[PDB]
Every structure is written in C-alpha cells, then in structure tokens.
Amino acid sequence: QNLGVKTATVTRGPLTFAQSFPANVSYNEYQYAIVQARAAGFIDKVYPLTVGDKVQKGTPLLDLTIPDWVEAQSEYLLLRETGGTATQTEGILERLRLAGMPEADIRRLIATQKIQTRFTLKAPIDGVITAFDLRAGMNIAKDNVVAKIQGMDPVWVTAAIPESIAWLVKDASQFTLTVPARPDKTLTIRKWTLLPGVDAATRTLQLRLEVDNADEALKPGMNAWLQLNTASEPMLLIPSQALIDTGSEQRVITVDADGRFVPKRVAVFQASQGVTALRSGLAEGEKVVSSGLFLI
Amino acid sequence: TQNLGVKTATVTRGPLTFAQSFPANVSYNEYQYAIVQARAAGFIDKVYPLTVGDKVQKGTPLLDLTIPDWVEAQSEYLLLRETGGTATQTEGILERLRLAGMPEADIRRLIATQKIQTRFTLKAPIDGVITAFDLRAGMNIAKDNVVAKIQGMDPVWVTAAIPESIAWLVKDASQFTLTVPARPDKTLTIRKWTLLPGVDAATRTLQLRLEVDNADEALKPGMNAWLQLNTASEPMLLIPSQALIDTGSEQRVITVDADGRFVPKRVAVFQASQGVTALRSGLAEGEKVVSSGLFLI
Ligand SMILES: [Ag+]
Ligand SMILES: [Ag+]
C-alpha cells in the first residue's frame, strides 16, 4: 500500500512502424532548359565551357552565322530604295521571322541598316551545363539541339517502396529525409509523388520526391536516407513499462478509482516503439500503472 | 466502329492483394514433447532395442522395473481377503497405493491372479520420437526423477520472419499459403497460427508461429519452407488490367454507357497487382468497361 507511483491510462489508437530506406538523388527533367536553332546555319566562337559548368543566367554560349537568311534580308534591303510599297517589304519580314529570325535583330537591321551579320545566343536560365562541348565550326540543321542546362532549385530523391506498404502513405510528414554527406540544418521536402510503376524485381514502386535545394548543398547520385513512418489499424494501447510477464502468463494492473488494484488478463497483439497494443484483455478507458512499485 | 465479338467488364470498389513469399524454418513444438518420470524410488529390468532417437508408435514399452516397499503393503492387504477384514478396510489401502502410484491395470491383476505383484513395465505416453534415454540394465533411481523424453511430430512448427509494418494486415489463416521444395506432394494444411510479439531488432521483424498438420509425417525440421503470403489494401475502384491501355503519358480506357456506344475516358492508375489495377481517380463505381475486346479505328 505505497503511493510513490505514476499513473497511466489505456487508450485506443494505432502504432507507428519505423523504416529507413535507400535513396539516390536526381535531377528533375523538368527544371531544365534547352536552346535550339531557329533554322540551319554555321558557327563561330564558343566560350571556355565544358559539359558542366556554372552559368550565372543569361550569358553567351556561342556566336553563329547563317547564309541563305541573308539572301532576302538584302533583297528586302533594296526595297527601301526602289520604292516598293510598304506592304511589300513587310510581307517579306514576316516571311523571315517565319523561317525564324529573332525579333530584336530585325529592328536592328531596319535601324542600323547594315545587313545582319552573325548573332550570338545566350543561355536562358541560371543552372548547370549538361551536354555541349561541340565547338568551332559546324554545320547544323533547323530546330536541332545545341545544348542543355540543369536547374537546381528543386531536386529529386527516389526511394524504392514495397507495394505491400505503399497505400499506407498519404502525407508528407511520414517522411523524414537525412543525408550522410550533409547533416546540417534541415532537409525540407517540397512535394511527394509515387510512380505506380512496379519494379518487377522486388514489388517496388519508385517514390519520387522534390526536395528544396536552395543553399545548393547537394549534387546528384549521392547517398540519401529516408525515415518513413507507417501506421496500423487502431488497437487498445498501453505504455510498455506498465506491462509484465515472463512465461505463459501475460497481463497487468487494473486500477479502479477506489485506489484498489487487481490482476486483469491481456494478450499482447504486438509491440513497437516502447509501447504495446493488446489484441484483447482490457477496456478502452481503463487505468494502469507504469513506473510503479509495491509489495506482496 | 461496330464489332461485338467481345467480353464485358464492370468497374467495382475494393482492395488489391499483395503477394509475398517468405523464408521459413521448420521446428518442433516445445509443447508436443513428453517426459516419463518415476513415481518413487525403484530398480530396473529389461530396456528394449531403443536408441536416443527412434520411432515409438504410441503407448509402447520402454522398460520394466522392480520395486520393494510397494510389496510391503500389497501383501498386508492380501491377508485381509483371508483374515476377514471388512471390505472397507482393504479398499482403504488400495487407494493408499494408487496414491503412492500403482497402475490401475495392475491392481486388477493383484486382485484377480492373486499372486502378489512382481514387477511392472512402463509404456510411452505419446506417439513420437525418443530424445534422451539410452540408460539401461540395472540401475538405482530416486522418486520423480526423469528417465526419458519424447518429441511429438503430429503438429509441427514453422516460423516466418515477418515485418511489423505489414504485421497487423494479417488476420486469417487463408492468406497463408505454405509450400515446401522437399515435398511438393498434396496439401500443406495449417492448424492454427500466431505471432510472438518479440520484434527481432535486426530488421523490424516478428516471428510467425504456424502449427502445420504433419500426419503422413513427411517433414523433419531444419528443412526449407516457403510462405506465400497475401496482404490487402484500403478499398479503391478496380478494373481488369487487360481492359486498360497506355504506353506513354496517356492513360485511360473504355467507357461503355449502355447504349452500346463507347468513349475515351481518362483515368489515373494508383498501382497494379495480381493482374488487375486500381485507379486513384478516373472512372465511376459501377461504370462499364471492356476486357478481351478488339476492334478498329
Ligand atoms: Ag490490429
Ligand atoms: Ag488507390
């Protein structure tokens, strides 16, 4: 009959299965930008760039020159002399932007008057080079590609999930990202999405995850770990401490408010995370004692 | 757009079923063993052609043994059938003997054959397999001391290594499908099952105690046993997979309003399994669709 004790109380609810997962970083094929040629032409310059550097934003990649183009921009040129009604000249200018002449150039042809030489092309978005090293003098064709850039503001980690435990995930907080390379502050997490593709090896769905890269502290192909938390159909819960056995016997403390205790019988369904859930034995609201201590 | 050598399919709500094979190691149940112990001090005789591990067919002899003291009273009583001592007296000692531990089938022989009871054999309780015992000949023993053990085999234990994550999703014996490389044979029926809530700290893994019906006795333990388990999923709208199509960013399939007129409806697949698929969103509970179809542009 002591009372240097602590009170506990039975509760209904689910558990929380921990689970760490292997994750490999990735570049979202969405936050990228490519620069393509308006139409065939030839090249010039090409700066001190390799397949992957750091462009600051809108900056030169290479000058280039185009034949054919000129043929008409000169034909047109004479009309401003041979009194060809405005509508005529205009009709050929659109017939040029058509083929694909930069608008800001045409104003410059019309103003500076001197036919349009070569015209450099600048990188659209800040980012990181990928593909491109081609240089000097090359013959190209229409909308053919010339180079790519990679954005880094958002990033991709793709953990490999078991279908069996798939649909138990429906909120971004179940996830807890972590990285060996960068402990640091946070690993905040934009949005999550699940490619319903069943990697036929182990029944595994690729689980895409756009992560906030601002401080740019991450490259790709790194090592990334995913602490996921799953749950369970709710069951009668009790703190583990307050449970005891050692053999076929399994059960603990009933405490009806009269401060009087009693041996009640419970069969643990499963245990996890320092607390246990009884398949059967107690009642929704019943009170039990954890950390207690008293005599025979 | 008009053929009809087809087959009709109808959308529905419900769960999927996740397959999953698992490693299992057979085992003997520490409940299906028996030990034969002595009633009281005595000495021995015989001891049959048995080794530490044979095949007892059930209730059968292990050895006969001789005991003194026992005699003391069983002779005293023998005179009360001559010296006219009320039936109540005699019977009072017989119980006082079964008390000490006298085989009921032996007393009948004491009363019938009359000849005081020489020695008396002891038989093996349960069908099984001998474990411990090789002791033989003539030996001095004491009271409830042990003599031999046996291992039952009729019920057998297999224990799969289950992940808690998936744990609670199992509540019926039929999800279990047992298979053994060694013995394809007929069935592998499965008495009862149960979970030992001890989380194997390595991988978050429970045990999965399974009592399997070993009748034909075709399984020793330490064997290889595979457990094809099936899980489930919170209910979602289903469609036969045959009746779905894509190949790129497009994903959707046949809507068939009763007018026999079809239409390209757009659906989003949550995941697939076991030959059917489940749409996160897209169609309607009971909308009609076509599997096994086939027609033109
Ligand atoms: Ag449950
Ligand atoms: Ag679903």
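Residues numbered from 1 in each chain as written, not as in the entry; some residues may be left out. Chains lettered and ligands numbered in written order. Heavy atoms only, no water.

Regarding how it was determined, this PDB entry cites X-ray crystallography in its header, along with a resolution of 3.848 Å.

Q: Before we move on, could you go through the packing of helix 1 (residues 70-79) of chain B against helix 2 (residues 87-100) of chain B and cite the residues and values that matter?
A: All names here are of chain B. Contact geometry of helix 1 with helix 2 gives a least axis separation of 10 Å together with a crossing angle of 165°. Taken as axis vectors, helix 1 and helix 2 run roughly antiparallel relative to one another. Between helix 1 and helix 2 lies a crossing whose hand is left-handed. Contacts between helix 1 and helix 2 involve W70, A73, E76 and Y77 from the former and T90, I93, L94, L97 and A100 from the latter. (Axes fitted to C-alpha atoms, helices over the stretch in contact; angles between N-to-C directions. Helix = DSSP H or I, 4+ residues; strand = E, 2+ residues; numbered from the N terminus. Parallel < 35°, antiparallel > 145°, perpendicular 65-115°, else oblique. Left-handed = near helix turned anticlockwise from the far one by under 90°. Contact = heavy atoms within 4.5 Å.)

Q: Would you mind going over the packing of helix 2 (residues 86-97) of chain A against helix 3 (residues 103-112) of chain A in detail, with residue names and values included?
A: Residue and element names in this part refer to chain A. Packing of helix 2 against helix 3 brings their axes to within 10 Å, and their N-to-C directions diverge by 145°. Where helix 2 crosses over helix 3, the handedness of that crossing is right-handed. Where helix 2 approaches helix 3, its residues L93, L96 and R97 are matched on the opposing element by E103, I106 and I110.

Q: How would you summarise the environment of A:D53 if you had to cite specific residues and measurements?
A: Residues and elements named next belong to chain A. When you line up the elements, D53 lands in the loop between strand 7 (42-44) and strand 8 (54-55). The spatial distance from the C-alpha of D53 to the C-alpha of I129 is 5.3 Å, given a sequence separation of 76 residues. The contacts of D53, once residues within four sequence positions are left out, are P48, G127, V128 and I129. Within the local environment of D53, its side chain forms a polar contact with the side chain of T50, the two groups lying 2.5 Å apart. (Polar contact = N/O pair within 3.5 Å; in protein donor to acceptor, adjacent residues only side chain to side chain.)

Q: Tell me about helix 1 (residues 69-79) of chain A, and please be specific about residues and values.
A: Residues and elements named next belong to chain A. Buried within helix 1 are the following residues: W69, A72, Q73, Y76 and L77. Along the axis of helix 1, the buried residues cluster in a sector spanning 155°; they form a single face. In this fold, the buried residues of helix 1 make contact with helix 2 and helix 3. (Buried < 20%, exposed > 50% of the residue type's maximum accessible area, 1.4 Å probe, protein only. Arc of directions from axis to C-beta.)

Q: Tell me what's going on with the domain arrangement of chain A, and back it up with residues and numbers.
A: Reports of interface size often rely on the accessible area that becomes lost once the parts have come together. Residues and elements named next belong to chain A. Each assigned domain of chain A is listed here: domain 1 (1-13 + 235-296), domain 2 (14-31 + 151-234), domain 3 (32-65 + 117-150) and domain 4 (66-116). Each of domain 3 and domain 4 was reduced to a C-alpha centroid, and the two centroids are 25 Å apart. Listed as interface residues are ten residues of domain 3 and, on the opposing side, ten residues of domain 4. Carbon and sulfur atoms supply 59% of the area buried between domain 3 and domain 4, which totals about 820 Å² over both sides. Of all residues in domain 3, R38, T117 and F119 give up the largest surface area on contact with domain 4, accounting jointly for 65% of the area buried on that side. Linking domain 3 with domain 4 are one residue pair in polar contact, by the criterion used here. (Domains from an automatic or database assignment. Buried area = accessible area lost by both parts, 1.4 Å probe.)

Q: Please give an account of the packing of aromatic side chains that cites residues and values.
A: Applying the stated rule across the entire model yields eight aromatic pairs over all chains. Here A:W69 and A:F119 contribute two aromatic rings whose centre-to-centre distance is 6.5 Å and whose plane-to-plane angle is 85°, an arrangement assigned as edge-to-face. Here A:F119 lies in the loop between helix 3 and strand 10 (121-122) and A:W69 lies in helix 1, a separation of 50 residues in the sequence. For A:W69, a relative accessible area of 9% corresponds to the buried category. Both rings, one in B:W70 and one in B:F120, keep their centres 5.9 Å apart while their planes meet at 85°; by these two values the pair is edge-to-face. With B:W70 in helix 1 and B:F120 in strand 8 (residues 120-123), the pair connects residues that are 50 residues apart, well separated along the chain. In this structure, A:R208 is placed above the aromatic ring of A:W156, and the distance from its NZ or CZ to the ring centre is 3.8 Å. (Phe/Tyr/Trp six-rings, centres within 6.5 Å; stacked < 30°, edge-to-face > 60°. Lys NZ or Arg CZ within 6 Å of the ring centre and 35° of its normal.)

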